[PDB]
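One chain comes next, on its own, written as structure tokens: the form deposited in one PDB entry.
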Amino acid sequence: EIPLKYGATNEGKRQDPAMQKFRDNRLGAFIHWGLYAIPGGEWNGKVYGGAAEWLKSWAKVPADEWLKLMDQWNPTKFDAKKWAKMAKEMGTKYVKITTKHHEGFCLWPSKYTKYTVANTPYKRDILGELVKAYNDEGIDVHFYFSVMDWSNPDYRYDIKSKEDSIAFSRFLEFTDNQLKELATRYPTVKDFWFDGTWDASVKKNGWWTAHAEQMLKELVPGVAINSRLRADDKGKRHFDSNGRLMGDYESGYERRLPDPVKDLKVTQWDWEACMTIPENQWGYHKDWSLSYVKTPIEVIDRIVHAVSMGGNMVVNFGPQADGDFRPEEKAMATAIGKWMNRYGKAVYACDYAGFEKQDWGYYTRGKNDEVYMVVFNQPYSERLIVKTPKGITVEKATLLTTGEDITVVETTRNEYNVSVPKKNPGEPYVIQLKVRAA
């Protein structure tokens, strides 16, 4: 039904090695760094509560005046090796980096616009330095790219005339030029994560979205492309008019994750969630008292939740103007890293286990049929309920960290009580199950 020139291309999950790597990585970090870091949510004595990276919009700053922030771009504390070390110690396996946000300032020295790092006091190719430094630590790099661009007067939100259609065609060619540049200048890039593709102008030019995906896949072998890029012949986004996923993975969940009981459909495709530490700040905002700020355990909960349902999780950071990270973000990265060093066998290279969800936490499945119980909510009963699928039995339980044997008691036909450890681990913890299928 509904025939389409620009609808889905993959049927089912890609299983080539590059997609396996994307998937197995599981845990990433996001970097939102751009001129917005300089004002940090404040303009002319007013602190705006909205997302800092959107301050141009909240304070109604004309482009030319916003882009003059370039004269203040001088992050003297920037050190790409230090950033890569922070990422490595956090336990991230990849980093997604804002190459260009809506504002249109480029973190690489683009030859297609003057609004780049090259034309700042700092001069240096930030994106290039990061690529090298993260790659040297064995960390994959993914590129965020905003199609919407507030610095280019050829951009259009909608096509309402011939003059608009011509300006927008130029814009699309400009866009292609930047994308080709990114793909050829940084050939180790593993993914392009598009944003700012929701306007009517883009929805009417589905053909371009398909072309952008194909173009990049020809330039970068095995590259992944997110769903958000893609609009079909009819302007339907992410999933085409026949309900098929466009791009290589679904990129949708930001505020909330799929429901572990009601949204099991997501296990059928690759997907990646991205999350902020405050409620809704991606770029650096100077005042984190303005909204709820997640604790490390709340973030770890979300990371395991995503992997338990077959998805990746990416934790966002908004570096300071000076090129260092704020104390709250250093604390977060360090806490996550300490937990991942202990428990990361239940995260990396893991996936949906096919077990009925229980209240204590989440299951994940390893590559050799290990089933991990990740416990976030400790039962006063001191018993962790495990209901197995038809034909599956539990043969052993072990505490991950110490190897100590944990008692498993059959309670009914398809159900066990797995005891909690003899000593309360004092933090979310992992019990590994050995299971057998009839």
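Rigid core: the largest C-alpha set superposing within 1.5 Å between the two forms. Start at 1 with the first residue shown and count on from there.
Peer 1: Figure out for me whether 155-163 or 216-224 is the more displaced stretch in 8 other deposited structures of this protein, taking RMS C-alpha distance from the shown form once the rigid core is superposed.
Peer 2: Comparing 216-224 with 155-163, the larger C-alpha deviation in 8 other deposited structures of this protein belongs to 155-163.
Peer 1: Hey, after superposing on the core, which one moves around more in 8 other deposited structures of this protein, 85-93 or 252-260, CA-wise?
Peer 2: Of 85-93 and 252-260, the stretch deviating more in 8 other deposited structures of this protein is 252-260.
Peer 1: Look up the CA B-factors in the entry and say which stretch, 277-285 or 245-253, has the higher mean.
Peer 2: Comparing averages over the C-alpha atoms only gives 245-253.
Peer 1: Taking the recorded C-alpha temperature factors, which stretch has the higher mean, 226-234 or 132-140?
Peer 2: For C-alpha atoms only, the mean B-factor is higher in 226-234.
Peer 1: For the listed residues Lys203, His305, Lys357, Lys294, which one has the largest C-alpha B-factor as given in the deposited model?
Peer 2: In the PDB entry, the greatest C-alpha B-factor among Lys203, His305, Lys357, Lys294 is found at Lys203.
Peer 1: Quick one: which of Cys106, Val189, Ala335, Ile166 shows the highest Cα temperature factor in the PDB entry?
Peer 2: Most elevated C-alpha B-factor of the set, per the entry: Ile166.
Peer 1: Ranking the modelled residues of this chain by C-alpha B-factor as given in the entry, is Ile38 in the lowest, middle or highest third?
Peer 2: Lowest third, going by the recorded CA B-factors of the chain.
Peer 1: According to the PDB entry, is the CA B factor of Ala59 in the bottom, middle or top third of its chain, that is, lowest, middle or highest?
Peer 2: Its C-alpha B-factor, which the entry lists for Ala59, ranks in the middle third among residues of this chain.
Peer 1: Please say which third, lowest, middle or highest, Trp208 falls into when its CA temperature factor is compared across its chain.
Peer 2: As the PDB entry reports it, the C-alpha B-factor of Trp208 lands in the highest third of its chain.
Peer 1: Please place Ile159 in the lowest, middle or highest third of its chain by C-alpha B factor as given in the entry.
Peer 2: Within its chain, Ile159 is a highest-third residue by C-alpha B-factor, going by the deposited values.
Peer 1: Ordered by C-alpha B-factor within the chain, which third holds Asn119? Give me lowest, middle or highest, please.
Peer 2: Within its chain, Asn119 is a middle-third residue by C-alpha B-factor, going by the deposited values.
Below, we refer to the form deposited with a small molecule bound, which is not included among the displayed structures.
Peer 1: Within 4.5 Å of the small molecule in the deposited bound form, counting heavy atoms only, one of 41-49, 398-406, 366-374, 379-387 shows up; tell me which.
Peer 2: Among the candidates, contact is made by 366-374.
Peer 1: Would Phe355 count as touching the small molecule in the deposited bound form under a 4.5 Å heavy atom rule?
Peer 2: Because a heavy atom of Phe355 falls inside 4.5 Å of the small molecule in the deposited bound form, the answer is yes.
Peer 1: With a cut-off of 4.5 Å between heavy atoms, is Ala437 one of the residues that contacts the small molecule in the deposited bound form?
Peer 2: Yes.
Peer 1: So in the deposited bound form, does any heavy atom of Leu67 sit within 4.5 Å of the small molecule?
Peer 2: Output for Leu67 is no: heavy atoms all beyond 4.5 Å of the small molecule.
Peer 1: Find out whether any non-hydrogen atom of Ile392 is located within 4.5 angstroms of the small molecule in the deposited bound form, and reply yes or no.
Peer 2: The answer is yes: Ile392 has a heavy atom within 4.5 Å of the small molecule.
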